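Pasting work.cif here (mmCIF, N, CA and C atoms):
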```
data_input
#
loop_
_atom_site.label_atom_id
_atom_site.label_comp_id
_atom_site.auth_asym_id
_atom_site.auth_seq_id
_atom_site.Cartn_x
_atom_site.Cartn_y
_atom_site.Cartn_z
N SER W 1 0.85 -1.18 0.00
CA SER W 1 0.00 0.00 0.00
C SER W 1 0.89 1.23 0.00
N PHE W 2 0.37 2.31 -0.57
CA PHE W 2 1.12 3.55 -0.66
C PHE W 2 0.12 4.70 -0.85
N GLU W 3 0.62 5.85 -1.25
CA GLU W 3 -0.15 7.07 -1.05
C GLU W 3 -0.36 7.90 -2.31
N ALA W 4 0.62 7.93 -3.22
CA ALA W 4 0.57 8.63 -4.50
C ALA W 4 0.35 10.14 -4.33
N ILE W 5 1.36 10.78 -3.75
CA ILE W 5 1.45 12.24 -3.81
C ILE W 5 1.68 12.66 -5.25
N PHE W 6 0.82 13.51 -5.77
CA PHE W 6 1.00 13.98 -7.13
C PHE W 6 1.69 15.34 -7.10
N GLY W 7 1.75 15.98 -8.26
CA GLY W 7 2.68 17.08 -8.45
C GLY W 7 2.28 18.34 -7.70
N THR W 8 3.28 18.98 -7.10
CA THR W 8 3.12 20.31 -6.51
C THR W 8 2.88 21.31 -7.63
N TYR W 9 1.67 21.84 -7.69
CA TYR W 9 1.24 22.67 -8.82
C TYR W 9 1.31 24.12 -8.37
N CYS W 10 2.44 24.77 -8.63
CA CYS W 10 2.63 26.13 -8.14
C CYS W 10 1.83 27.09 -9.00
N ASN W 11 1.19 28.05 -8.35
CA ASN W 11 0.46 29.08 -9.06
C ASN W 11 1.39 30.25 -9.32
N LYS W 12 1.52 30.62 -10.59
CA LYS W 12 2.31 31.77 -10.98
C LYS W 12 1.36 32.93 -11.23
N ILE W 13 1.56 34.02 -10.52
CA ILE W 13 0.54 35.04 -10.45
C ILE W 13 0.74 36.07 -11.55
N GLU W 14 -0.38 36.63 -12.02
CA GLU W 14 -0.37 37.74 -12.95
C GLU W 14 0.34 38.94 -12.34
N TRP W 15 1.28 39.51 -13.08
CA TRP W 15 2.04 40.66 -12.62
C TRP W 15 1.43 41.91 -13.24
N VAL W 16 1.13 42.89 -12.40
CA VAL W 16 0.52 44.13 -12.87
C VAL W 16 1.45 45.29 -12.53
N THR W 17 1.53 46.24 -13.45
CA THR W 17 2.20 47.50 -13.21
C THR W 17 1.16 48.61 -13.29
N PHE W 18 1.51 49.76 -12.69
CA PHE W 18 0.59 50.89 -12.65
C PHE W 18 0.29 51.42 -14.04
N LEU W 19 1.30 51.47 -14.90
CA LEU W 19 1.14 52.12 -16.19
C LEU W 19 0.45 51.23 -17.21
N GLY W 20 0.52 49.91 -17.03
CA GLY W 20 -0.18 49.01 -17.92
C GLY W 20 -1.68 49.04 -17.71
N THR W 21 -2.13 49.40 -16.51
CA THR W 21 -3.55 49.54 -16.24
C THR W 21 -4.05 50.87 -16.81
N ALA W 22 -5.37 51.02 -16.81
CA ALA W 22 -5.98 52.26 -17.27
C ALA W 22 -6.20 53.28 -16.17
N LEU W 23 -5.82 52.99 -14.93
CA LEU W 23 -5.80 54.08 -13.98
C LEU W 23 -4.65 55.03 -14.25
N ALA W 24 -3.65 54.59 -15.01
CA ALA W 24 -2.60 55.49 -15.47
C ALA W 24 -3.15 56.55 -16.42
N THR W 25 -4.27 56.29 -17.09
CA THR W 25 -4.85 57.37 -17.87
C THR W 25 -5.52 58.39 -16.97
N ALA W 26 -5.89 58.02 -15.75
CA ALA W 26 -6.38 59.02 -14.82
C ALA W 26 -5.24 59.75 -14.12
N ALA W 27 -4.07 59.13 -14.07
CA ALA W 27 -2.91 59.73 -13.42
C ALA W 27 -2.08 60.52 -14.42
N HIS W 28 -1.15 61.30 -13.88
CA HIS W 28 0.02 61.76 -14.62
C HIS W 28 1.21 61.41 -13.73
N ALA W 29 1.73 60.20 -13.90
CA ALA W 29 2.70 59.62 -12.98
C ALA W 29 4.09 60.14 -13.30
N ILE W 30 4.72 60.78 -12.33
CA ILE W 30 6.04 61.37 -12.48
C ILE W 30 6.95 60.80 -11.40
N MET W 31 8.14 60.37 -11.79
CA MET W 31 9.18 60.10 -10.80
C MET W 31 9.85 61.41 -10.41
N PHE W 32 9.80 61.74 -9.12
CA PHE W 32 10.53 62.87 -8.58
C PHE W 32 11.25 62.45 -7.31
N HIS W 33 12.52 62.84 -7.20
CA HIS W 33 13.41 62.20 -6.24
C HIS W 33 13.68 63.01 -4.99
N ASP W 34 13.39 64.31 -4.99
CA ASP W 34 13.53 65.13 -3.79
C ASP W 34 12.19 65.35 -3.11
N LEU W 35 11.33 64.33 -3.16
CA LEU W 35 9.96 64.46 -2.69
C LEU W 35 9.85 64.36 -1.18
N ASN W 36 10.82 63.75 -0.52
CA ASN W 36 10.90 63.78 0.93
C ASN W 36 11.44 65.10 1.47
N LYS W 37 11.68 66.08 0.60
CA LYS W 37 11.96 67.44 1.02
C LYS W 37 10.79 68.40 0.80
N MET W 38 9.97 68.18 -0.22
CA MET W 38 8.86 69.08 -0.47
C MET W 38 7.74 68.87 0.54
N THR W 39 7.17 69.98 1.00
CA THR W 39 6.06 69.94 1.95
C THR W 39 4.72 69.78 1.24
N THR W 40 4.32 70.77 0.45
CA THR W 40 3.03 70.79 -0.24
C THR W 40 3.24 71.43 -1.61
N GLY W 41 3.20 70.62 -2.66
CA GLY W 41 3.38 71.15 -4.01
C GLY W 41 2.20 71.98 -4.46
N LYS W 42 2.48 73.19 -4.92
CA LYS W 42 1.46 74.17 -5.25
C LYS W 42 1.40 74.36 -6.75
N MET W 43 0.24 74.08 -7.33
CA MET W 43 -0.07 74.62 -8.64
C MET W 43 -0.70 76.00 -8.50
N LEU W 44 -0.23 76.94 -9.31
CA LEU W 44 -0.84 78.26 -9.43
C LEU W 44 -1.52 78.34 -10.78
N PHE W 45 -2.78 78.76 -10.78
CA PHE W 45 -3.56 78.88 -12.00
C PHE W 45 -3.86 80.35 -12.22
N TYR W 46 -3.70 80.81 -13.45
CA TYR W 46 -3.99 82.19 -13.80
C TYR W 46 -5.24 82.18 -14.66
N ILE W 47 -6.38 82.52 -14.07
CA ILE W 47 -7.66 82.43 -14.75
C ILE W 47 -8.12 83.84 -15.09
N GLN W 48 -8.31 84.10 -16.37
CA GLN W 48 -8.88 85.35 -16.85
C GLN W 48 -10.36 85.11 -17.14
N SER J 1 14.00 71.79 3.39
CA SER J 1 12.61 71.67 2.96
C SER J 1 12.32 72.80 2.00
N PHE J 2 11.30 72.60 1.16
CA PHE J 2 10.86 73.67 0.27
C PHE J 2 9.37 73.55 0.01
N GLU J 3 8.87 74.47 -0.82
CA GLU J 3 7.45 74.69 -1.00
C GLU J 3 6.91 74.23 -2.35
N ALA J 4 7.75 74.23 -3.39
CA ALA J 4 7.50 73.57 -4.68
C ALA J 4 6.28 74.13 -5.42
N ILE J 5 6.37 75.40 -5.79
CA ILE J 5 5.42 76.02 -6.71
C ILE J 5 5.59 75.42 -8.09
N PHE J 6 4.52 74.87 -8.64
CA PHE J 6 4.57 74.35 -10.00
C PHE J 6 4.16 75.47 -10.96
N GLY J 7 4.03 75.14 -12.24
CA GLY J 7 3.99 76.17 -13.27
C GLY J 7 2.66 76.92 -13.30
N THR J 8 2.75 78.22 -13.58
CA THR J 8 1.56 79.05 -13.69
C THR J 8 0.85 78.76 -15.00
N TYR J 9 -0.47 78.58 -14.94
CA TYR J 9 -1.27 78.07 -16.05
C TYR J 9 -2.36 79.08 -16.39
N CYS J 10 -2.20 79.78 -17.51
CA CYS J 10 -3.07 80.90 -17.83
C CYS J 10 -4.27 80.44 -18.65
N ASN J 11 -5.42 81.05 -18.37
CA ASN J 11 -6.62 80.82 -19.15
C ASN J 11 -6.60 81.68 -20.40
N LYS J 12 -7.09 81.11 -21.50
CA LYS J 12 -7.21 81.83 -22.77
C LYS J 12 -8.66 81.74 -23.19
N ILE J 13 -9.38 82.84 -23.06
CA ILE J 13 -10.83 82.82 -23.25
C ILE J 13 -11.15 82.79 -24.74
N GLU J 14 -12.17 82.00 -25.09
CA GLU J 14 -12.62 81.85 -26.47
C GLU J 14 -13.13 83.17 -27.01
N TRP J 15 -12.38 83.76 -27.94
CA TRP J 15 -12.69 85.10 -28.43
C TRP J 15 -13.86 84.97 -29.40
N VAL J 16 -15.04 85.33 -28.95
CA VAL J 16 -16.20 85.24 -29.81
C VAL J 16 -16.35 86.55 -30.56
N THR J 17 -17.03 86.48 -31.69
CA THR J 17 -17.48 87.65 -32.42
C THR J 17 -18.97 87.52 -32.63
N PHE J 18 -19.58 88.62 -33.06
CA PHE J 18 -21.02 88.63 -33.25
C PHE J 18 -21.42 87.79 -34.45
N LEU J 19 -20.57 87.69 -35.46
CA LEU J 19 -20.98 87.07 -36.71
C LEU J 19 -20.70 85.58 -36.76
N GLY J 20 -19.89 85.06 -35.85
CA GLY J 20 -19.74 83.62 -35.77
C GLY J 20 -20.95 82.95 -35.17
N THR J 21 -21.67 83.65 -34.30
CA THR J 21 -22.81 83.09 -33.60
C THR J 21 -24.01 82.99 -34.52
N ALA J 22 -25.02 82.26 -34.07
CA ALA J 22 -26.24 82.14 -34.86
C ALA J 22 -27.18 83.32 -34.68
N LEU J 23 -26.90 84.23 -33.74
CA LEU J 23 -27.66 85.47 -33.68
C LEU J 23 -27.45 86.30 -34.93
N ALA J 24 -26.29 86.13 -35.57
CA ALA J 24 -26.01 86.78 -36.83
C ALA J 24 -26.92 86.31 -37.95
N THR J 25 -27.50 85.12 -37.87
CA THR J 25 -28.48 84.82 -38.91
C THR J 25 -29.83 85.42 -38.60
N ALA J 26 -30.07 85.84 -37.37
CA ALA J 26 -31.20 86.72 -37.12
C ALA J 26 -30.86 88.18 -37.37
N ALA J 27 -29.60 88.49 -37.61
CA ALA J 27 -29.15 89.87 -37.74
C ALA J 27 -28.87 90.22 -39.20
N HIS J 28 -29.26 91.44 -39.57
CA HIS J 28 -28.74 92.10 -40.76
C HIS J 28 -27.90 93.27 -40.25
N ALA J 29 -26.65 92.98 -39.90
CA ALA J 29 -25.83 93.90 -39.12
C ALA J 29 -25.07 94.84 -40.04
N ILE J 30 -25.21 96.14 -39.79
CA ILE J 30 -24.64 97.18 -40.64
C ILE J 30 -23.90 98.18 -39.76
N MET J 31 -22.65 98.45 -40.10
CA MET J 31 -21.96 99.60 -39.53
C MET J 31 -22.35 100.87 -40.26
N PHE J 32 -22.50 101.93 -39.48
CA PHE J 32 -22.76 103.27 -39.98
C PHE J 32 -22.05 104.22 -39.04
N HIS J 33 -20.98 104.85 -39.53
CA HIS J 33 -20.05 105.53 -38.65
C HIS J 33 -20.58 106.86 -38.13
N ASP J 34 -21.63 107.40 -38.73
CA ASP J 34 -22.25 108.63 -38.26
C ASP J 34 -23.57 108.36 -37.54
N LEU J 35 -23.63 107.26 -36.78
CA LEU J 35 -24.88 106.82 -36.20
C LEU J 35 -25.26 107.61 -34.97
N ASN J 36 -24.29 108.23 -34.30
CA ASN J 36 -24.54 109.00 -33.09
C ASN J 36 -25.45 110.19 -33.33
N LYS J 37 -25.53 110.68 -34.56
CA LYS J 37 -26.39 111.79 -34.94
C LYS J 37 -27.79 111.33 -35.35
N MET J 38 -28.09 110.04 -35.25
CA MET J 38 -29.46 109.60 -35.49
C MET J 38 -30.34 110.04 -34.34
N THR J 39 -31.23 110.99 -34.61
CA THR J 39 -32.32 111.24 -33.68
C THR J 39 -33.23 110.03 -33.60
N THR J 40 -33.79 109.63 -34.73
CA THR J 40 -34.56 108.39 -34.83
C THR J 40 -34.03 107.55 -35.97
N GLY J 41 -34.82 106.55 -36.36
CA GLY J 41 -34.65 105.85 -37.61
C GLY J 41 -35.97 105.20 -37.92
N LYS J 42 -36.40 105.15 -39.17
CA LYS J 42 -37.70 104.56 -39.44
C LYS J 42 -37.70 103.83 -40.77
N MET J 43 -38.77 103.06 -40.98
CA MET J 43 -39.03 102.39 -42.25
C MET J 43 -40.49 102.57 -42.59
N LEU J 44 -40.77 103.22 -43.72
CA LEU J 44 -42.12 103.28 -44.23
C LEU J 44 -42.42 102.06 -45.07
N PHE J 45 -43.60 101.50 -44.88
CA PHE J 45 -44.07 100.36 -45.66
C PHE J 45 -45.34 100.77 -46.37
N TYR J 46 -45.36 100.58 -47.68
CA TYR J 46 -46.52 100.88 -48.51
C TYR J 46 -47.12 99.56 -48.95
N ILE J 47 -48.31 99.25 -48.46
CA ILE J 47 -48.92 97.95 -48.67
C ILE J 47 -50.09 98.12 -49.62
N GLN J 48 -49.96 97.56 -50.81
CA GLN J 48 -51.12 97.39 -51.68
C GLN J 48 -52.02 96.33 -51.08
#
```
Give the structure from the file, written as structure tokens.
Amino acid sequence: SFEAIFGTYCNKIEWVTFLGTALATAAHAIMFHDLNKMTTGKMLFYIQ
Amino acid sequence: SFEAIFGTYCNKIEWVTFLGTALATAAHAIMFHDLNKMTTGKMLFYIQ
């Protein structure tokens, strides 16, 4: 008598990146490296 | 630390004219440079 362990079937997971998704169309993703120095980034708009 | 003002973004308003609009098809618009001297203005209609 015996047991017959069959194969360890590893699941390989789908890899997702931010830019491959369509939430990147809602974003404007920028790498900025001195961001741990900036407090609050200000956009100024000039509306006539 | 810093404050990080981003770029100033100016509005450019859609420059309309009177004749691009559809009010101009209700209009028969005429310049008359001596119009300030109009006391009145009239149109006589003779109807058979």
Chain J contacts on chain W, only C-alpha atoms, 6 Å, as a PDB file with N, CA and C atoms, keeping the file's coordinate frame:
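The resulting result.pdb:
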```pdb
ATOM      1  N   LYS W  37      11.680  66.080   0.600  1.00  0.00           N
ATOM      2  CA  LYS W  37      11.960  67.440   1.020  1.00  0.00           C
ATOM      3  C   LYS W  37      10.790  68.400   0.800  1.00  0.00           C
ATOM      4  N   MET W  38       9.970  68.180  -0.220  1.00  0.00           N
ATOM      5  CA  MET W  38       8.860  69.080  -0.470  1.00  0.00           C
ATOM      6  C   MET W  38       7.740  68.870   0.540  1.00  0.00           C
ATOM      7  N   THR W  39       7.170  69.980   1.000  1.00  0.00           N
ATOM      8  CA  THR W  39       6.060  69.940   1.950  1.00  0.00           C
ATOM      9  C   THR W  39       4.720  69.780   1.240  1.00  0.00           C
ATOM     10  N   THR W  40       4.320  70.770   0.450  1.00  0.00           N
ATOM     11  CA  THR W  40       3.030  70.790  -0.240  1.00  0.00           C
ATOM     12  C   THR W  40       3.240  71.430  -1.610  1.00  0.00           C
ATOM     13  N   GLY W  41       3.200  70.620  -2.660  1.00  0.00           N
ATOM     14  CA  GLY W  41       3.380  71.150  -4.010  1.00  0.00           C
ATOM     15  C   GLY W  41       2.200  71.980  -4.460  1.00  0.00           C
ATOM     16  N   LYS W  42       2.480  73.190  -4.920  1.00  0.00           N
ATOM     17  CA  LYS W  42       1.460  74.170  -5.250  1.00  0.00           C
ATOM     18  C   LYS W  42       1.400  74.360  -6.750  1.00  0.00           C
ATOM     19  N   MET W  43       0.240  74.080  -7.330  1.00  0.00           N
ATOM     20  CA  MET W  43      -0.070  74.620  -8.640  1.00  0.00           C
ATOM     21  C   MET W  43      -0.700  76.000  -8.500  1.00  0.00           C
ATOM     22  N   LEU W  44      -0.230  76.940  -9.310  1.00  0.00           N
ATOM     23  CA  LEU W  44      -0.840  78.260  -9.430  1.00  0.00           C
ATOM     24  C   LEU W  44      -1.520  78.340 -10.780  1.00  0.00           C
ATOM     25  N   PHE W  45      -2.780  78.760 -10.780  1.00  0.00           N
ATOM     26  CA  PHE W  45      -3.560  78.880 -12.000  1.00  0.00           C
ATOM     27  C   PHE W  45      -3.860  80.350 -12.220  1.00  0.00           C
ATOM     28  N   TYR W  46      -3.700  80.810 -13.450  1.00  0.00           N
ATOM     29  CA  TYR W  46      -3.990  82.190 -13.800  1.00  0.00           C
ATOM     30  C   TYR W  46      -5.240  82.180 -14.660  1.00  0.00           C
ATOM     31  N   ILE W  47      -6.380  82.520 -14.070  1.00  0.00           N
ATOM     32  CA  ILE W  47      -7.660  82.430 -14.750  1.00  0.00           C
ATOM     33  C   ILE W  47      -8.120  83.840 -15.090  1.00  0.00           C
ATOM     34  N   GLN W  48      -8.310  84.100 -16.370  1.00  0.00           N
ATOM     35  CA  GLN W  48      -8.880  85.350 -16.850  1.00  0.00           C
ATOM     36  C   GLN W  48     -10.360  85.110 -17.140  1.00  0.00           C
TER      37      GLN W  48
END
```
request  = Enter the distance from CA of residue 15 (chain J) to CA of residue 33 (chain J), in Å, rounded to one decimal.
outcome  = 24.0 Å
Find the axis-aligned box for region 13-23 of chain W, covering all its listed atoms and adding 3 Å on each side, and write its centre and edge lengths in Å to one decimal as JSON.
```
{"center_x": -2.0, "center_y": 44.5, "center_z": -14.2, "size_x": 14.4, "size_y": 27.0, "size_z": 13.5}
```
message = Just the number, please: distance in Å from atom C of residue 28 (chain W) to CA of residue 16 (chain W), one decimal.
response = 17.3 Å
Give me the least-squares superposed chain W (reference chain J; all C-alpha atoms paired in order) as an mmCIF file with N, CA and C atoms, in the coordinates of the input.
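Below you can see result_23.cif, which holds the result:
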```cif
data_model
loop_
_atom_site.group_PDB
_atom_site.id
_atom_site.type_symbol
_atom_site.label_atom_id
_atom_site.label_comp_id
_atom_site.auth_asym_id
_atom_site.auth_seq_id
_atom_site.Cartn_x
_atom_site.Cartn_y
_atom_site.Cartn_z
ATOM 1 N N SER W 1 13.966 71.399 3.491
ATOM 2 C CA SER W 1 12.543 71.453 3.193
ATOM 3 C C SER W 1 12.302 72.596 2.223
ATOM 4 N N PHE W 2 11.259 72.448 1.415
ATOM 5 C CA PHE W 2 10.926 73.454 0.423
ATOM 6 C C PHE W 2 9.446 73.284 0.050
ATOM 7 N N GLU W 3 9.043 73.900 -1.042
ATOM 8 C CA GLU W 3 7.621 74.148 -1.237
ATOM 9 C C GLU W 3 7.065 73.638 -2.560
ATOM 10 N N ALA W 4 7.854 73.684 -3.639
ATOM 11 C CA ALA W 4 7.504 73.196 -4.970
ATOM 12 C C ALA W 4 6.267 73.902 -5.543
ATOM 13 N N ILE W 5 6.444 75.193 -5.804
ATOM 14 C CA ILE W 5 5.491 75.922 -6.642
ATOM 15 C C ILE W 5 5.555 75.369 -8.054
ATOM 16 N N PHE W 6 4.429 74.932 -8.577
ATOM 17 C CA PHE W 6 4.412 74.423 -9.935
ATOM 18 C C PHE W 6 3.935 75.525 -10.875
ATOM 19 N N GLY W 7 3.688 75.150 -12.123
ATOM 20 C CA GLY W 7 3.592 76.136 -13.186
ATOM 21 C C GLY W 7 2.325 76.972 -13.116
ATOM 22 N N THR W 8 2.492 78.270 -13.358
ATOM 23 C CA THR W 8 1.366 79.187 -13.536
ATOM 24 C C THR W 8 0.650 78.829 -14.829
ATOM 25 N N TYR W 9 -0.559 78.309 -14.702
ATOM 26 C CA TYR W 9 -1.287 77.745 -15.844
ATOM 27 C C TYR W 9 -2.317 78.775 -16.278
ATOM 28 N N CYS W 10 -1.948 79.620 -17.235
ATOM 29 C CA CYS W 10 -2.837 80.704 -17.636
ATOM 30 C C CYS W 10 -3.952 80.145 -18.500
ATOM 31 N N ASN W 11 -5.162 80.627 -18.262
ATOM 32 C CA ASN W 11 -6.298 80.239 -19.073
ATOM 33 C C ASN W 11 -6.433 81.215 -20.227
ATOM 34 N N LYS W 12 -6.427 80.682 -21.444
ATOM 35 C CA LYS W 12 -6.628 81.482 -22.635
ATOM 36 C C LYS W 12 -8.072 81.310 -23.079
ATOM 37 N N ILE W 13 -8.795 82.406 -23.174
ATOM 38 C CA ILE W 13 -10.233 82.322 -23.272
ATOM 39 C C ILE W 13 -10.665 82.259 -24.728
ATOM 40 N N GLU W 14 -11.776 81.554 -24.966
ATOM 41 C CA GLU W 14 -12.420 81.520 -26.263
ATOM 42 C C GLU W 14 -12.850 82.919 -26.681
ATOM 43 N N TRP W 15 -12.492 83.310 -27.895
ATOM 44 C CA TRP W 15 -12.831 84.621 -28.421
ATOM 45 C C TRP W 15 -14.049 84.470 -29.322
ATOM 46 N N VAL W 16 -15.062 85.288 -29.074
ATOM 47 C CA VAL W 16 -16.294 85.225 -29.854
ATOM 48 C C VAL W 16 -16.505 86.570 -30.541
ATOM 49 N N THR W 17 -16.989 86.508 -31.772
ATOM 50 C CA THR W 17 -17.438 87.681 -32.491
ATOM 51 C C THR W 17 -18.933 87.535 -32.745
ATOM 52 N N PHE W 18 -19.578 88.683 -33.011
ATOM 53 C CA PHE W 18 -21.020 88.695 -33.227
ATOM 54 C C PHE W 18 -21.410 87.903 -34.461
ATOM 55 N N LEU W 19 -20.621 88.009 -35.523
ATOM 56 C CA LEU W 19 -21.012 87.423 -36.794
ATOM 57 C C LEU W 19 -20.729 85.931 -36.860
ATOM 58 N N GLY W 20 -19.778 85.444 -36.061
ATOM 59 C CA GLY W 20 -19.513 84.022 -36.018
ATOM 60 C C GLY W 20 -20.612 83.251 -35.316
ATOM 61 N N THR W 21 -21.344 83.899 -34.413
ATOM 62 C CA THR W 21 -22.472 83.267 -33.752
ATOM 63 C C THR W 21 -23.676 83.253 -34.697
ATOM 64 N N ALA W 22 -24.704 82.519 -34.286
ATOM 65 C CA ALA W 22 -25.938 82.463 -35.058
ATOM 66 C C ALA W 22 -26.959 83.511 -34.661
ATOM 67 N N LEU W 23 -26.660 84.375 -33.697
ATOM 68 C CA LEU W 23 -27.542 85.511 -33.540
ATOM 69 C C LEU W 23 -27.368 86.508 -34.668
ATOM 70 N N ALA W 24 -26.255 86.431 -35.395
ATOM 71 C CA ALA W 24 -26.090 87.225 -36.606
ATOM 72 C C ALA W 24 -27.087 86.812 -37.685
ATOM 73 N N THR W 25 -27.596 85.582 -37.650
ATOM 74 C CA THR W 25 -28.652 85.267 -38.596
ATOM 75 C C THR W 25 -29.960 85.915 -38.186
ATOM 76 N N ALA W 26 -30.126 86.269 -36.918
ATOM 77 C CA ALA W 26 -31.299 87.037 -36.541
ATOM 78 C C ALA W 26 -31.111 88.526 -36.804
ATOM 79 N N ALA W 27 -29.865 88.971 -36.877
ATOM 80 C CA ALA W 27 -29.564 90.378 -37.119
ATOM 81 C C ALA W 27 -29.401 90.646 -38.607
ATOM 82 N N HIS W 28 -29.373 91.931 -38.942
ATOM 83 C CA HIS W 28 -28.776 92.409 -40.185
ATOM 84 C C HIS W 28 -27.821 93.522 -39.759
ATOM 85 N N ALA W 29 -26.585 93.145 -39.453
ATOM 86 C CA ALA W 29 -25.627 94.030 -38.803
ATOM 87 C C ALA W 29 -24.976 94.933 -39.835
ATOM 88 N N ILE W 30 -25.119 96.235 -39.655
ATOM 89 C CA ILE W 30 -24.589 97.236 -40.567
ATOM 90 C C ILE W 30 -23.702 98.189 -39.777
ATOM 91 N N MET W 31 -22.515 98.464 -40.295
ATOM 92 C CA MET W 31 -21.735 99.586 -39.778
ATOM 93 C C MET W 31 -22.239 100.877 -40.408
ATOM 94 N N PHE W 32 -22.683 101.811 -39.568
ATOM 95 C CA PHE W 32 -23.041 103.145 -40.011
ATOM 96 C C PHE W 32 -22.417 104.173 -39.082
ATOM 97 N N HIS W 33 -21.819 105.208 -39.671
ATOM 98 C CA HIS W 33 -20.880 106.039 -38.930
ATOM 99 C C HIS W 33 -21.431 107.378 -38.489
ATOM 100 N N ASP W 34 -22.546 107.834 -39.058
ATOM 101 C CA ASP W 34 -23.189 109.067 -38.613
ATOM 102 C C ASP W 34 -24.374 108.779 -37.707
ATOM 103 N N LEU W 35 -24.252 107.725 -36.897
ATOM 104 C CA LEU W 35 -25.365 107.244 -36.095
ATOM 105 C C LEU W 35 -25.580 108.070 -34.840
ATOM 106 N N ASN W 36 -24.565 108.777 -34.375
ATOM 107 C CA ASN W 36 -24.729 109.745 -33.304
ATOM 108 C C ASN W 36 -25.353 111.055 -33.775
ATOM 109 N N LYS W 37 -25.753 111.136 -35.043
ATOM 110 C CA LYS W 37 -26.570 112.231 -35.531
ATOM 111 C C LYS W 37 -28.031 111.846 -35.766
ATOM 112 N N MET W 38 -28.309 110.601 -36.133
ATOM 113 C CA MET W 38 -29.682 110.204 -36.381
ATOM 114 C C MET W 38 -30.457 110.047 -35.080
ATOM 115 N N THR W 39 -31.697 110.526 -35.092
ATOM 116 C CA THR W 39 -32.576 110.420 -33.928
ATOM 117 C C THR W 39 -33.302 109.080 -33.895
ATOM 118 N N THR W 40 -34.168 108.824 -34.869
ATOM 119 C CA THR W 40 -34.989 107.615 -34.932
ATOM 120 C C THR W 40 -35.103 107.200 -36.397
ATOM 121 N N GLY W 41 -34.418 106.126 -36.769
ATOM 122 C CA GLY W 41 -34.478 105.653 -38.150
ATOM 123 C C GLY W 41 -35.823 105.054 -38.490
ATOM 124 N N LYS W 42 -36.414 105.528 -39.578
ATOM 125 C CA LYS W 42 -37.769 105.175 -39.963
ATOM 126 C C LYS W 42 -37.738 104.295 -41.194
ATOM 127 N N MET W 43 -38.272 103.088 -41.064
ATOM 128 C CA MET W 43 -38.688 102.344 -42.238
ATOM 129 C C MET W 43 -40.116 102.718 -42.615
ATOM 130 N N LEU W 44 -40.335 102.957 -43.901
ATOM 131 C CA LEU W 44 -41.672 103.152 -44.454
ATOM 132 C C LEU W 44 -42.017 101.933 -45.282
ATOM 133 N N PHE W 45 -43.193 101.367 -45.033
ATOM 134 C CA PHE W 45 -43.654 100.187 -45.745
ATOM 135 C C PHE W 45 -44.865 100.582 -46.568
ATOM 136 N N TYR W 46 -44.907 100.137 -47.813
ATOM 137 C CA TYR W 46 -46.030 100.413 -48.692
ATOM 138 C C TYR W 46 -46.778 99.107 -48.885
ATOM 139 N N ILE W 47 -47.895 98.943 -48.185
ATOM 140 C CA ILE W 47 -48.633 97.693 -48.187
ATOM 141 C C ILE W 47 -49.897 97.886 -49.012
ATOM 142 N N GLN W 48 -50.036 97.098 -50.061
ATOM 143 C CA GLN W 48 -51.246 97.058 -50.869
ATOM 144 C C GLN W 48 -52.072 95.855 -50.419
#
```
message = So that I can check the secondary structure, give me every residue of chain J assigned helix (DSSP H, G or I) by backbone DSSP, as a ChimeraX atom specification.
response = /J:23-26,35-37
